[PDB]
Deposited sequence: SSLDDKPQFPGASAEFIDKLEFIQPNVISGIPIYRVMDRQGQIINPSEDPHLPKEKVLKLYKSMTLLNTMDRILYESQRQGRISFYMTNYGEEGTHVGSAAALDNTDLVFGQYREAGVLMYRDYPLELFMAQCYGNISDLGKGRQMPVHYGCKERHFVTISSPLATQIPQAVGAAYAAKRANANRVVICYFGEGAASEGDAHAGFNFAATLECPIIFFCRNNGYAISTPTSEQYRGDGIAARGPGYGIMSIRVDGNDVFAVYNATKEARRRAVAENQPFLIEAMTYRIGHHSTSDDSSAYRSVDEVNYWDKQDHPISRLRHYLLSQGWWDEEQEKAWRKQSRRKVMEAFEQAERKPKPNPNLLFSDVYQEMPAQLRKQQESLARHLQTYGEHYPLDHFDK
């Protein structure tokens, strides 16, 4: 028997290289088919009607808000936007499986998690407009949301940085006996970053209660996955770090839910990381700065959409109908438009706020710069958009 400290293994006396199995990779777990029918009854989570209607209404309200904010950006009303089309199932199916106080770290394309947690339309709006109501004080680009009350760590643009951070939060949670999980969302592109390798490894060695949740939506901006990796997606990487791993159909809310629920239970019980790779398709452009026709959708939009698949399920069960669909479309539109109008009417925050929170206390030299802008505006204010800003 080998005595080497680095591995637990038998000897082998024939030279044989381990070959990756990519052509027939980790199977994709699926609970309902594209017609919204349950494939295997023993896997049916039999969620109650009111919770399933919450999944659906959360997904559609997010879709409504996406359509309106995307168009608002094309009209020049907000500077930037990123839609969530085709991925709304990965968001609400996973959020539904969490405790309200489980801590979330994200990338930018997980707004449905905040929706599911009842984040007010007014505050999605306030962040996109950078208005006085924004708790972020208008400092970050649109869709960089954060909510301390709903345990959703403020999004930042640098990819994958949140991954080792989520692992540290999970460690602290373990020490505090919080009895809570951290979940950490990221794209398959972001999984290429060195931070992903650090997070995955630290989670397993330090034994942290964390779910790594990868949305694999086939592109990282213009880059197809054939150029992102040559292994069997992101799920196949988990076992090499000692992480329990699973691949799910991320257009199936029940498959996403079942995997997240089981991962959460085991991670919190065993203080051990889990990886979920949700297979989906990025229906929209990457962002309002991207024209995806420059490098590549309706197959996905029309055949395999999380919202269509759950609607079919709801129609099959007699839990929704055309009259309910029509009335909900109308009311959610009206609710989004009401938040929207209110958000555009608000001024931007006082310009002084560009200086606070750099440190907890403003250093004296920073206060001096703040004073210098105030004096500057007293002389040259007519050359600045002061009437757009609180005073």
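- Going by the record, the unmodelled stretches of the deposited sequence, in order, are 1-5, 302-305.
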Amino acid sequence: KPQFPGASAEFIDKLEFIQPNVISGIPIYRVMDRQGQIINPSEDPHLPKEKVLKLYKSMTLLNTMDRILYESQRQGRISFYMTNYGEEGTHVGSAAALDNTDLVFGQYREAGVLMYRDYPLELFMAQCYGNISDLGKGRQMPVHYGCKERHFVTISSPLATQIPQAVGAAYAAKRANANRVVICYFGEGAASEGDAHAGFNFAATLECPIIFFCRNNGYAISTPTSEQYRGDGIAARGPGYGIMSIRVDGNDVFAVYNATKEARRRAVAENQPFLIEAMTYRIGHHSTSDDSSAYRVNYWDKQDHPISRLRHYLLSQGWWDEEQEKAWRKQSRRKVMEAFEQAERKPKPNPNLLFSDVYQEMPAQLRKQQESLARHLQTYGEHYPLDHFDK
From here on, numbers count along this sequence of modelled residues.
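Superpose the two forms; the largest set of C-alphas matching within 1.5 Å is the rigid core.
- Rigid core fits of the other structures in 5 other deposited structures of this protein place the C-alpha atoms of one stretch farther away on average; of 38-46 and 22-30, that stretch is 22-30.
- Once the rigid core is used to overlay the structures in 5 other deposited structures of this protein, the stretch among 309-317 and 263-271 whose CA atoms lie farther from this form is 309-317.
- Coordinates for residue 293 are absent from at least a third of the other compared entries of this protein that model residues on both sides of it.
- Coverage remark for residue 302: absent from the model in at least one third of the other entries compared whose chains are built on both sides.
- When the two stretches 356-364 and 33-41 are set side by side, the higher mean Cα temperature factor goes to 33-41.
- Remark: stretch with higher mean C-alpha B factor among 275-283 and 153-161 is 275-283.
- Comparing C-alpha B-factors across 255, 173, 315, 114 in the deposited entry, the largest value falls on 315.
- Out of 71, 193, 88, 291, the entry records its largest CA B-factor for 291.
- Among the modelled residues of the chain, residue 119 sits in the middle third by CA temperature factor in this PDB entry.
- Placement of the Cα temperature factor of residue 327 within the chain: highest third of the modelled residues, per the deposited record.
- The PDB entry assigns residue 188 a C-alpha temperature factor belonging to the lowest third of its chain's modelled residues.
- For residue 233, the recorded CA B-factor ranks within the middle third of the chain. Only modelled residues enter the ranking.
- For residue 204, the recorded CA B-factor ranks within the lowest third of the chain. Only modelled residues enter the ranking.
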